[PDB]
Amino acid sequence: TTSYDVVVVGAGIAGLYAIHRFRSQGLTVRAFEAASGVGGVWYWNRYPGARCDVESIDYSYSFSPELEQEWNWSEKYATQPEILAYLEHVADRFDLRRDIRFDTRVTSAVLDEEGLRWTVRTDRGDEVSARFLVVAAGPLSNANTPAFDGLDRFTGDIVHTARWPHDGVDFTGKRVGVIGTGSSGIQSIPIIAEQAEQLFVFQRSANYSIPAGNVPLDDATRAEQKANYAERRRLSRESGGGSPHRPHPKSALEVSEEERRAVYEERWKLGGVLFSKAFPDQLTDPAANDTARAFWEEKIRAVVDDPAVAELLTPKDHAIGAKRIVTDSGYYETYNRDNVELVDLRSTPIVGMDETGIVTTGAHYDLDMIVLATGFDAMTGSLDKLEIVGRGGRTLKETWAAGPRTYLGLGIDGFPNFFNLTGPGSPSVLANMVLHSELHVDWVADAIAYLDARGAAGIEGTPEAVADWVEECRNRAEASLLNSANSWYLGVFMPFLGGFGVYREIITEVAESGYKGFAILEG
Ligand SMILES: Cc1cc2nc3c(=O)[nH]c(=O)nc-3n(C[C@H](O)[C@H](O)[C@H](O)COP(=O)(O)OP(=O)(O)OC[C@H]3O[C@@H](n4cnc5c(N)ncnc54)[C@H](O)[C@@H]3O)c2cc1C
């Protein structure tokens, strides 16, 4: 049982759909999942308050009419256990797990150029041959565990948001220090403060977060959206970010001072990702961004009592939406509490831990528990952990030395029959990852169907097409405030910034043209 049509790497949203979609075509699939279960990010990232940025109705599979009609999302923005349960249900329903080997990390993928097959190796001693290697490794992997001197000396509990205990952690009676104010921090903090004796948030750089405005979903409104699902999907697929939301017609500056608060208020209510896109120039024109930045500032100044904390909570120079806006539930309110202190790591950096807590420049902090609220690795993080050896035995990491280069994100010269899902060259995290996963898997499925219909052995990014795409990605991005020096989207600005629908049209039209920009390879 060495060979399969497709080896999929990862059993998250993309991988799960990959298995289903590829098998529905009659392709044998072997998926490898490093985790013990399916879910990907929703499996591993299970710290308190872990919640989706995108309405559960959009952030969910559309490939299965039934699943859509049957699954009831409990709220506007599904928490991680719910999304997990959902993906677990998907795996149950579509019998996905049998083709997945869990606790199995793909270590290398080596191209046999003579046969256009990938030999996929694993840390469990799997050696499989794939006609196609589909990496669904996800765009979000763990940032390095922050290394603190004497962390190994701390007697209290050290918990990482990245490896949250499945049975949870009681913060009751506990003096808790939270290091990290990314989303994992922003989402866990309010919950930690709710039960902690005392919360110390050690903040180095403040981030933009906006209220989730997560509402429970009753039956009445659920049946309504379920009945209008196809239309909402249509809007989403044609949309900029994979959700049925269009930015305002006129630009931020072109609209009245009055009508600017009225729409910012509207985009404040619905979502964090979407507030970044209230106005069409919001993430392109620095002055237009200042307006959102100022609207945000004021909101937080209002909700946070102590103005010194409010200012500390305010991100210093960064453009709002440059770093993906975190969505929170009662996070800034959390600082109104008597049992939470925000420690400004710019004033008093952490110099280390001792037996009893965190030693900053200024104070020692008696803590029973330290929560390392970790951020996320570059889009290429999971991919970079793989040795993917393409043509000439040139490694993917090597061909990406000067920045990821792809055609559409889906083709890389030297890497035939290799597909990196929702990664550099595609909208990736800039779009609804469920729908983006669907798009990409579908596109790969179609490409495979295309090659199979014609007795073709392989498909390959053309060096000319990738050069062109690298350029097109560069140019869609040179305009953006996401293309700032501080930006996580860099490696080269990696995601395609033209919009999900525009991108969908582009890759569909490439497919429809007989894969222009790809070489179709024979036996
Ligand atoms: C709190 C939070 C909220 C979010 N909200 C949203 C949202 O609202 N909308 C949105 O579009 N995105 C959101 N994201 C981004 C999220 O990363 C993606 O939506 C999601 O991961 C896409 O699923 P995936 O299958 O592409 O990747 P993942 O969910 O990461 O699944 C990838 C899987 O591949 C595995 N893997 C990686 N490398 C290997 C290897 N070498 N061998 C074996 N297995 C491997 C990983 O273990 C993982 O299980 C959110 C992220 C966080 C942390």
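Given the criteria under 25 Å from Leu345 (Cα atoms), in the same structural domain as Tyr335 (by CATH) and crowded, with 22+ Cβ neighbours inside 10 Å, does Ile158 qualify?
no
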query: For region 140-241, which fully contained helices (runs of 4 or more DSSP H) count at least 3 residues that are hydroxyl-bearing (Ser, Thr, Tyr)?
result: 183-195
- request: Quickly run through region 208-266 and pick out the residues that are farther than 30 Å from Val304 by Cβ and of a type in the set (A, V, I, L, M).
  value: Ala220, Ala223, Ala227, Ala230, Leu235
Residue identified as out of contact with any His (no Cβ under 7 Å at 6 or more places or on another chain) and within 16 Å of the ligand (Cβ to nearest atom) among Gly393, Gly403, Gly414, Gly409: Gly409
query: Can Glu68 be described as within 10 Å of the ligand (Cβ to nearest atom) and either within 19 Å of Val120 (Cβ to Cβ) or not hydrophobic (A, V, I, L, M, F, W, C) (or both)?
result: no
- prompt: Within region 134-175, how many residues are on the phi > 0 side of the Ramachandran plot and more than 16 Å from the ligand (Cβ to nearest atom)?
  reply: 3
- line: Checked pairs for region 29-51, first of a type in the set (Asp, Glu), second more than 8 Å from the ligand (Cβ to nearest atom), C-beta under 6 Å and 6 or more apart or across chains, list as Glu33/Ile100; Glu33/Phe102
- line: The one condition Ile83 fails out of (1) within 11 Å of the ligand (Cβ to nearest atom); (2) of a type in the set (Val, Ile, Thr); (3) touching a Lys or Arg at 6+ places or on another chain (Cβ under 8 Å) is (3)
Whichever residue in region 417-430 is polar (S, T, N, Q) and within 16 Å of the ligand (Cβ to nearest atom) and, among such residues, is surrounded by the fewest Cβ atoms within 10 Å (Cβ to Cβ): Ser428
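Just checking, how many residues over region 483-496 are more than 15 Å from the chain's Cα centre (by Cα) and under 18 Å from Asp281 (Cβ atoms)?
Residues flagged as more than 15 Å from the chain's Cα centre (by Cα) and under 18 Å from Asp281 (Cβ atoms) within region 483-496 amount to 3.
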query: If you go through region 450-466 one residue at a time, do you hit one that is acidic (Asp, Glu), within 25 Å of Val9 (Cβ to Cβ), within 20 Å of the chain's Cα centre (by Cα) and in a helix (DSSP H, G or I)?
result: no
query: Based on what the data block shows, is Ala206 under 26 Å from the mean Cα position of the chain (by Cα), within 24 Å of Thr79 (Cα to Cα), away from the ligand (no atom under 16 Å from the Cβ) and small (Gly, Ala, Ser)?
result: yes
query: Looking at region 194-213, which of the residues that are touching a helix residue (DSSP H, G or I) at 6+ places or on another chain (Cβ under 8 Å), of a type outside the set (S, T, N, Q) and crowded, with 23+ Cβ neighbours inside 10 Å is nearest to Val359 (Cα to Cα)?
result: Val201
- prompt: Going by the structure shown, is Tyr43 assigned by CATH to the domain that holds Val135, under 22 Å from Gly185 (Cα atoms), within 9 Å of the ligand (Cβ to nearest atom) and in contact with a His (Cβ under 9 Å, 6 or more places away or on another chain)?
  reply: no
message: Restricting to region 92-127, give me the number of residues that are more than 12 Å from the ligand (Cβ to nearest atom) and either among the small types (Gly, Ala, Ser) or closer than 22 Å to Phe415 by Cβ (or both).
response: 12
query: Can you name the residue in region 214-250 that is surrounded by fewer than 19 Cβ atoms within 10 Å (Cβ to Cβ) and polar (S, T, N, Q) and is also nearest to the ligand (Cβ to nearest atom) among such residues?
result: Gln225
- prompt: Can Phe22 be described as more than 13 Å from the ligand (Cβ to nearest atom), farther than 30 Å from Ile520 by Cα and buried (at least 18 other Cβ atoms within 10 Å of the Cβ)?
  reply: no
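The values are calculated or read from the model by the stated rules, or taken from the named source; no laboratory read-out is quoted. Quick reminder, even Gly has a Cβ in these numbers, built from the backbone with ideal geometry, and neighbours come from all protein chains shown.
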